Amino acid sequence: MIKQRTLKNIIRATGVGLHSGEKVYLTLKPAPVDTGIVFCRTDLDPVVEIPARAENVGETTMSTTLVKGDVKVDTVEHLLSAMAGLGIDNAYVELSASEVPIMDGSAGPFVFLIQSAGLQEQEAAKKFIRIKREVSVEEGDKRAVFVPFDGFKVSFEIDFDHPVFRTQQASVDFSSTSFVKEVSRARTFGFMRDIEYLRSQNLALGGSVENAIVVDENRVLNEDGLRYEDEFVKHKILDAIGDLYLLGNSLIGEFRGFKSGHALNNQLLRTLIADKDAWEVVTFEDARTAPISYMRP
């Protein structure tokens, strides 16, 4: 069988929230079978747990935020993209603040911290969600779609009227290309002109060339340039993988994004969940037959 996975050992990371600018401690802890991903705010008294599920998504303005009453966990998408890429089903995510650390702006440091500690396969089948029919959400010129596909594929299109914006479309098939090599290192991006407005709203407070691609009026400000020729659209793919992982199970299908973001990604998940005839929970007794393959633990 394709087994569920958790962490072999507890791992720790320190960083700052991209939007809050606040120092934060992140701890990833091994979790038992069928736990899912659960956030734990250890700076609160009492401590608050927020399961990483589509129903707990409260805000989608700049990042995906989880909410439980008056308690929040901001910018969960890059850590969840790393967990989805590596096939982590169960984990406790302890945070000392309301925002996950931005690290270098990509999923790269999270992928490394997890792979350093290593993965533990658990004696229970991994549950997948197969897309049986097309599900789509549109709002204005923005669109987010699930199409049946025997594997996992992400297609994305962005349309920025800026001189820096190169390849604005990309399609990644996870049967042909690894998450680690092709997507994990794609950093988040911001426009210098927006950062001014964002900081007046207490947003992007921790943003810098150290954790983001910073775009000027005509070029990338970062001394060392880009990690990929199409790093902007590859980061949008990284975000969709993370937002989609809030479904709580790995998807077997194709995601297509057209100028979409966190808000529409969550709306698509909400529509899929509601449209129960569009999907089915499946397990694979033989990994040789399975449409999605994961790296050895």
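Here, rigid core means the biggest group of C-alpha atoms that superpose within 1.5 Å across both forms. Numbers for residues come from their place in the sequence shown, where the first is 1.
S.K.: Hey, after superposing on the core, which one moves around more in 4 other deposited structures of this protein, 81-89 or 198-206, CA-wise?
M.R.: Looking at 81-89 versus 198-206 in 4 other deposited structures of this protein, the farther one turns out to be 198-206.
S.K.: Out of 173-181 and 105-113, which one drifts farther from the shown form in 4 other deposited structures of this protein in terms of CA positions, with the fit done on the rigid core?
M.R.: Once the cores are fitted, 173-181 deviates more in 4 other deposited structures of this protein.
S.K.: Looking at the deposited sequence, how many residues between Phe165 and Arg166 were given no coordinates in the entry: none, 1 to 3, 4 to 9, or 10 or more?
M.R.: Just 1 to 3 residues are missing between them.
S.K.: On mean C-alpha B-factor from the PDB entry, just flag whether 208-216 or 146-154 is the higher one.
M.R.: Between 208-216 and 146-154, it is 208-216.
S.K.: Which is higher on mean Cα B factor in this entry, 172-180 or 126-134?
M.R.: That would be 172-180.
S.K.: Can you tell me which of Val281, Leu18, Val24, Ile273 has the highest Cα temperature factor in the record?
M.R.: Top of the list by C-alpha B-factor: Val281.
S.K.: Going by the entry, which of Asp194, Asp104, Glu77, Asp89 has the most elevated CA B factor?
M.R.: Most elevated C-alpha B-factor of the set, per the entry: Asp194.
S.K.: Among all modelled residues of this chain, ranked by Cα B factor, put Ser260 in the bottom, middle or top third, i.e. lowest, middle or highest.
M.R.: Answer is middle: the recorded C-alpha B-factor places it there.
S.K.: Among the modelled residues of its chain, does the C-alpha B-factor of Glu99 lie in the lowest, middle or highest third?
M.R.: For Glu99, whose C-alpha B-factor we compare with every modelled residue in the chain, the answer is the lowest third.
S.K.: Ordered by C-alpha B-factor within the chain, which third holds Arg296? Give me lowest, middle or highest, please.
M.R.: CA B-factor rank for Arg296: highest third.
S.K.: Taking the C-alpha B-factors as the PDB entry records them, is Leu244 in the lowest, middle or highest third of its chain?
M.R.: Lowest third, going by the recorded CA B-factors of the chain.
S.K.: Looking at the temperature factor on the CA atom of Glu254, which third of the chain's modelled residues does it land in?
M.R.: According to the entry, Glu254 has a C-alpha B-factor in the chain's lowest third.
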